[PDB]
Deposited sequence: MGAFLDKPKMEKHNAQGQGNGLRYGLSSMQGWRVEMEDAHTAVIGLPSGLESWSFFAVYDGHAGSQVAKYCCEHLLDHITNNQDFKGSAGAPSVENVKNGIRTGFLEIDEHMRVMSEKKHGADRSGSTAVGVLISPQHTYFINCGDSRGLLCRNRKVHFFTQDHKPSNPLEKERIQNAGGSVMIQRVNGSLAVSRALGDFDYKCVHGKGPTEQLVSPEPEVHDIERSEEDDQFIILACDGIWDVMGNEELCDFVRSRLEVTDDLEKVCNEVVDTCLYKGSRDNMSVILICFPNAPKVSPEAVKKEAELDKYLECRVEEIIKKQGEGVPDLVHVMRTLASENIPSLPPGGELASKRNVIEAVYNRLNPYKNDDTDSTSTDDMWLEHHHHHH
């Protein structure tokens, strides 16, 4: 219902290493009155899945309860059911895929009984996007309009398709559940067609759990791993993707990775860049890097130092009636400066531009 007067730009980070993987993450509240995003990041899983990893972003709505419960418990609902455990030995593709389906459906109903028993007041819901990573497979998991992508061989190899109510099959389901899609929203309100929680949207008599107005059913894709070609995976809520496309963000992260191996920092830059491109939502990014992720380049670091220094001289020159930061950014944009980070553009350089402005106009 409301925005803050000024954005909360404080970063919450995590990082880790194991099973040949490196990860960083960054979350920021931004312009929104609340922080309703959640996440999971775990390298090495219980019960003989030490060599497996799991990462996920949760974009909560109408509260954070559903998202928070998911970020702590979705993983064991997924792995601790009979479908995931099916066959005697290691789980098959089908096992893993049905395991995730069941995990999603069972946690949703689990939360529903919990809320029904304790007379819960919140009507919250949550998207989930994530990857379950085995020695030989990346399993992409999507439920809602959060998004994940795989960069392989300097390119977008795969990305998750957002569940929007106006998508043909989502629309079909919603209409069979006796609702409608008005513009982009389920009955004029909800901007997602798939999510955990939203129990008010799951009350149609004579319709299965996956045939309600809002569905908890996940979409899973098996991608065979490529030791040689797999570079990195990005997972993020719509707050990021609203203001950057797949190619852009993929290129941007690449440009950043060529400057630092610090992944929390790369994730920070994504979130800030997105804030400065005009995103007014909560923002959460997870970055998972494979052994052949882009490496720090001596030249790229130098190019960045030269750009940084150049940007600082430009700021000094511009302040000669003493223009404000907004007007300095305007001038710099109209200068069509070359060699700005791909995807990030000027926005990705605002922290550098602003630090300078503050050194020269600290009042």
Checklist entry - Where along the deposited sequence are residues missing from the model? => result 1, 322 to 325, 369 to 390
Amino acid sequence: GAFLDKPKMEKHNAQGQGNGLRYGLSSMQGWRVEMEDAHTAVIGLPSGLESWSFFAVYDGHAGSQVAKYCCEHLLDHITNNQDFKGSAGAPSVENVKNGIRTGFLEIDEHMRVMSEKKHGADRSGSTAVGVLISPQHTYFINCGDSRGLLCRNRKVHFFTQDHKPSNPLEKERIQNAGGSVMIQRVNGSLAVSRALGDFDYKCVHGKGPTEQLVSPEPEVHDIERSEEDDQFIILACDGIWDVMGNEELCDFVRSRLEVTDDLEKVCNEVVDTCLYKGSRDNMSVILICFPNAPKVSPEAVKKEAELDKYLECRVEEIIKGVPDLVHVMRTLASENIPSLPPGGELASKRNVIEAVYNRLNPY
From here on, numbers count along this sequence of modelled residues.
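Heads up, when I say rigid core I mean the largest set of C-alphas that superpose within 1.5 Å between the two forms.
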Checklist outcome for this item: Quick note, superposing on core in 6 other deposited structures of this protein and taking C-alpha RMS, the more shifted stretch of 167 to 175 and 80 to 88 is 80 to 88
Checklist entry - Out of 252 to 260 and 236 to 244, which one has CA B-factors that are higher on average in the deposited record? => result 252 to 260
Checklist entry - If you average the Cα B factors in the entry, which is higher, 187 to 195 or 142 to 150? => result 187 to 195
Checklist outcome for this item: Looking only at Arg101, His221, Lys85, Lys164, the Cα with the top B-factor belongs to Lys85
Checklist entry - Among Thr40, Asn336, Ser26, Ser297, which carries the highest Cα B-factor? => result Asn336
Checklist outcome for this item: Quick tally, chain-level thirds of C-alpha B-factors: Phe55 sits in the lowest
Item to check | Third of the chain's Cα B-factor distribution that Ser180 belongs to, per the entry | outcome: middle
Checklist entry - Going by what the PDB entry lists, where does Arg32 fall on CA B-factor within its chain: lowest, middle or highest third? => result middle
Item to check | Chain thirds of CA B-factor: placement of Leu340 | outcome: lowest
Checklist outcome for this item: Sorting the chain's modelled residues by C-alpha B-factor and splitting them into thirds places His61 in the lowest
